[PDB]
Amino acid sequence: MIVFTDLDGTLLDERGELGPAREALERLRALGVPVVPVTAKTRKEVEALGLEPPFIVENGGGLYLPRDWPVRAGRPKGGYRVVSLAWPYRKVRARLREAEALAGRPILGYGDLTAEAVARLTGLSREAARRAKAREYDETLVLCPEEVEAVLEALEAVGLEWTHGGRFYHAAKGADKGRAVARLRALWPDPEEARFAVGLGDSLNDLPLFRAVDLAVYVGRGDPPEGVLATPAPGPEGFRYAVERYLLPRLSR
């Protein structure tokens, strides 16, 4: 079994804390179950949470592996080897400029905003916003509701793909949590361990995640995507419930 999990609103709360999920995560580790973050966050953000590779960043845009991963792939970067799946940021920002001209109105993203503004909009510290701005593949957009559809089609018009991370729309191309997961499983050292995958998420950008796993669990608010398991409570309480009710009993085998 491998557990692929979203971070904010799934494994972490609004404080960015594990809360009730901490005990659940410790139990999975005690049982030798790999837990792989699959997140909209940048590498810098993931590193700041103290998370170790392997992990998936920017909605599936990049797959980070330990420098010494048994199965060769990617490019050496310090204590990392990196695999790229989606288009590069500065190029995405280029299609956005094209979409802007098509839509006849500004389309703003994190790239257009100062760290101070990003911090204000997200409630992060300035340092944390600097990390959130350090994007390699995916752009986080700051759209107003009425233009949303207008902008989204304009995005779709110029061949960009969009998703929604729970609070913000994102623009990218080739960045897909399900695609990233599929690739990581294909690159797993122990094919037997990767044979059964679990996916936990809370937002639209986790739909691809759910479709790439064998047991999907939705811990978001409202109704879960079709066929996906739900939990009585959202977020970390959901994570904990999912581990206790759904995962632990299967591992007793």
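One-based numbering along the sequence shown. Basically, rigid core = biggest C-alpha set you can superpose within 1.5 Å across the two forms.
Using RMS Cα distance over all structures and residues, flag whichever of 161-169 and 128-136 lies farther from this form in 8 other deposited structures of this protein after a core fit.
-> Once the core is superposed, the stretch further away in 8 other deposited structures of this protein is 161-169.
Larger mean CA deviation from the shown form in 8 other deposited structures of this protein [core fit; 152-160 vs 84-92] | Relative to the shown form, the greater RMS C-alpha distance in 8 other deposited structures of this protein belongs to 152-160.
Return whichever of 76-84 and 161-169 has the greater mean Cα B factor according to the PDB record.
-> Higher mean C-alpha B-factor in the PDB entry: 76-84.
Entry-level comparison of average CA B-factors, 47-55 and 181-189, reporting the higher stretch | Result: 181-189.
In this PDB entry, which of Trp69, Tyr64, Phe196, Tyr218 has the top CA B-factor?
-> If I rank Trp69, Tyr64, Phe196, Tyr218 by C-alpha B-factor, first place goes to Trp69.
Member of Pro106, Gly174, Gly123, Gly109 with the greatest C-alpha B factor (per the PDB record) | Max CA B-factor in the entry, restricted to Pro106, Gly174, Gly123, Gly109: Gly174.
Give the position of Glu116 by CA B-factor within its chain, expressed as the lowest, middle or highest third.
-> Answer is lowest: the recorded C-alpha B-factor places it there.
Is the Cα B-factor recorded for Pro20 in the lowest, middle or highest third of its chain?
-> Tercile = middle for this residue's CA B-factor.
By its CA B factor, does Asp206 count among the lowest, middle or highest third of the modelled residues in the chain?
-> CA B-factor rank for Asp206: middle third.
Of the three thirds of its chain by CA temperature factor, lowest, middle or highest, which one includes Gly9?
-> For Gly9, the deposited C-alpha B-factor lands in the middle third.
Lowest, middle or highest third: where is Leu152 by Cα B-factor in its chain?
-> For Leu152, the deposited C-alpha B-factor lands in the highest third.
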